[PDB]
Amino acid sequence: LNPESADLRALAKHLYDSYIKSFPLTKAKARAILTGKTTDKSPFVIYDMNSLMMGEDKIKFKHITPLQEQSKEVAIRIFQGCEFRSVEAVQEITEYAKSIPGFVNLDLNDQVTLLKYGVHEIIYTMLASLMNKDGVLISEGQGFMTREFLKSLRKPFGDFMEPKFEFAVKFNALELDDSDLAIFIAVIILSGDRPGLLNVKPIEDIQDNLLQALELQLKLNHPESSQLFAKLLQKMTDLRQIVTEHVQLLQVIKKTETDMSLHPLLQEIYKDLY
Amino acid sequence: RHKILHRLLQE
């Protein structure tokens, strides 16, 4: 309507195109798979030990670092597999962050700090796209791992995914599409209250502009849903709880399984996290 | 240091 809100449309469009380039499996594609509507993907359903073994062809367990984890018992292999998907998520999120206007002009130390605290909140936000109450798409939608199967793993691995499923059923109720999520994840990255930020001001400047864009996007894209903007900001704190819980569980897992080691990218992110 | 993150952000 006006030049000010016109600039917020361009920003929303820029972030959407950037999100499409950065993330191979979008919520649009993910939802098409989960509802059965014809797609490239035939997801092999993993519901038990036997199905996982018969489905090893379709899951790339082969790429997990380090290699000795690839030989271990099922629960450790599944956990490491989920953690490894997170490594590939970090790379995609990092490339997306670089496309956010003003982000690469921030103090490089602050770019590192924003990503370090942002990535898992974004991982679990976007994972909700791949989830229903029954299970989660894995290996770019070539696998579907059942919720019950992930519940059944021995302690301390038995409930590591339950908090993500519980956050996902509520979050997916908002019926956000890719274009909304593209702006929401940029808002999460540009959080001025992360510990050890050197220069908060230019981060809050960028986030203020992203939040306005997100608000305009949720007015236009969901004009019949009225307080969608307000409900979404409440979730940004439910996300932090998931990440604190996940890091705490990872601490338990590292100390109960003393000869488990993590991908060095995850070691560097998890170190001095909550 | 965050060597890998630094490297992801510079390439």
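Quick notes on the rules
Residues numbered from 1 in each chain as written, not as in the entry; some residues may be left out. Chains lettered and ligands numbered in written order. Heavy atoms only, no water. Helix = DSSP H or I, 4+ residues; strand = E, 2+ residues; numbered from the N terminus. Rg over C-alpha atoms; globule rule 2.2 N^0.38 Å. Contact = heavy atoms within 4.5 Å. UniProt positions renumbered as here; feature names shortened; annotations may be inferred. Buried area = accessible area lost by both parts, 1.4 Å probe. Salt bridge = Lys/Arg side-chain N within 4 Å of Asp/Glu carboxyl O. Polar contact = N/O pair within 3.5 Å; in protein donor to acceptor, adjacent residues only side chain to side chain. Patch = residues over 30% accessible without salt bridge, like charges linked within 9 Å, V, L, I, M, F, W, Y side chains within 5 Å. Areas by Shrake-Rupley, 256 points an atom, 1.4 Å probe, with all protein chains shown as cover. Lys, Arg positive; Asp, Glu negative; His and termini not counted. Charge placed at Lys NZ, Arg CZ, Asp CG, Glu CD. Buried < 20%, exposed > 50% of the residue type's maximum accessible area, 1.4 Å probe, protein only. Pairing = 2+ DSSP bridges.

A.B. asks: Would you explain the overall build of chain A in this entry?
C.D. replies: Scanning chain A for helices and strands turns up 11 helices and three strands. Going residue by residue from the N terminus, the α and β elements of chain A occur as α-α-β-α-α-α-β-β-α-α-α-α-α-α. Over its C-alpha trace chain A gives a radius of gyration of 19 Å, about what one expects of a compact globule, namely 19 Å for 274 residues. In chain A, the proportion of contacts linking residues at least 24 apart, taken out of those at least 6 apart, comes to 74%.

A.B. asks: How should I be thinking about the UniProt feature "domain: NR LBD" in chain A in this particular structure?
C.D. replies: According to UniProt, the "domain: NR LBD" feature falls on residues 7–272 of chain A. Across residues 7–272 of chain A, the secondary structure splits into 60% helix and 4% strand, with the terminal C-alpha atoms separated by 38 Å.

A.B. asks: Teacher, can you tell me more about the interface of chain B and chain A here?
C.D. replies: Interfaces are often sized by the accessible area lost when the parts come together. Residue-level contacts link 10 residues of chain B with 17 residues of chain A. The junction of chain B with chain A conceals about 1,200 Å² of combined surface from both sides, 71% of it contributed by carbon and sulfur atoms. When the buried surface of chain B facing chain A is broken down by residue, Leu 5, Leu 8 and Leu 9 of chain B rank first, second and third, together holding 54% of it. In this structure, the connection of chain B to chain A is made through zero salt bridges. Applying the counting criterion to the chain B and chain A interface returns three residue pairs in polar contact.

A.B. asks: It is not clear to me how a positive patch on the surface should be interpreted in this structure. Could you clarify?
C.D. replies: A cluster of basic residues, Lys 271 of chain A together with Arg 1, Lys 3 and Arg 7 of chain B, forms a positive patch on the protein surface. By secondary structure assignment, the location of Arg 7 of chain B is in helix α1 (residues 3–10). Relative accessible area serves as the criterion here: at 48%, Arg 7 of chain B is assigned to the partly exposed category.

A.B. asks: Please clarify how the pairing of strand β3 (residues 143–146) of chain A should be interpreted in this entry.
C.D. replies: When a strand is regular, its side chains alternate between the sheet's two faces. All names here are of chain A. Covered by surrounding structure in β3 are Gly 143 and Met 145 together with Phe 144 and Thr 146, the residues of both alternating faces. Note: strand β1 (residues 44–46) against β3, three bridges, orientation parallel. Note that in β3 the partner of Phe 44 across the bridge is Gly 143. Pairing geometry for strand β2 (residues 135–138) and β3, over four bridges, is antiparallel. Bridge pairing links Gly 135 to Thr 146 in β3. Here β2 hands over to β3 after four residues, with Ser 139 in that stretch at a positive phi of 50°.

A.B. asks: Which parts of the structure should I look at to understand the pattern of salt bridges?
C.D. replies: Side chains that carry opposite charge are capable of pairing whenever their charged atoms lie near each other. Residues and elements named next belong to chain A. Under the defined criterion, the tally for this structure stands at 14 salt bridges over all chains. Put simply, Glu 215 and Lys 219 hold a salt bridge, and the shortest N to O gap is 3.2 Å. In this pair, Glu 215 and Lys 219 both sit in helix α9 (residues 201–221), four residues apart, roughly one turn of the helix. Three or more residues are tied together by salt bridges with common partners; here these are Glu 121, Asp 193, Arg 194 and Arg 240.

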